[PDB]
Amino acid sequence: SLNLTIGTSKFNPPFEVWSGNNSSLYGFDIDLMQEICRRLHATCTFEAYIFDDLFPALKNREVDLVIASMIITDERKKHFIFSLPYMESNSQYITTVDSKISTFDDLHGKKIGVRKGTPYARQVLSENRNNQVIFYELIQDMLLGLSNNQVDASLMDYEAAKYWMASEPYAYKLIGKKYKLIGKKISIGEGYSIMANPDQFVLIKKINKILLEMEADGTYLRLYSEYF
């Protein structure tokens, strides 16, 4: 009588990564949601979907809530409600180290990879720098496309971009990095938040109070600092 089912994406470190249904997930979103549920006195069970499928999954009540670096945007608020944001949302351009692109200005006329379902395609085109957007359903496909030079660069979450540049290869310190960031991070949307259906305002309100109490007792800061 107090168990929640949370939908999260399958792969977008450091927010969350799914390693099979018979193994626990890990990442910042996982740990945050986990903590919020214990404060709600409710057990927590996660359900991983491909990012873009999260929207219909929530609408069909397959899950009670969704947390997957979900950026609060006006377009999404037309069908869903959000909790207080738990983190500022910024995008970041990333490309391979062997790329001639080195400045935010060199992105002109380039093909940009984007994760299907995010507001990033819109961000790229709104810049009006003659760019073409390639939609990728999985982050793995997008990074593969980048490696295969199918796209010149990719616009993804800032913390996700930083993760990759410091994670691939393992010893980039000795062998050198595979990725490099282009330009500074870009403010987009109104923060990452927990999403729900409009009629779940009672649950969202309880989660907001919990988020405020976590920011007040240091729990939020401790977790946030461990990751970022």
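Just count from 1 along the sequence shown to find any residue number.
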Greater mean Cα temperature factor according to the PDB record, 98-106 or 147-155: 98-106
Mean temperature factor over C-alpha atoms, higher-scoring stretch between 55-63 and 23-31: 55-63
Highest-ranked of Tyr192, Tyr163, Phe201, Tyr170 once sorted by CA temperature factor in the record: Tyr170
Maximum C-alpha temperature factor, selected from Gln92, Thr73, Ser89, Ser126: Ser126
Relative C-alpha B-factor of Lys116, binned into the chain's lowest, middle or highest third: lowest
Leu174 - which third its CA temperature factor falls in, relative to the rest of the chain: highest
Record-listed C-alpha B factor of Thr45: chain third: highest
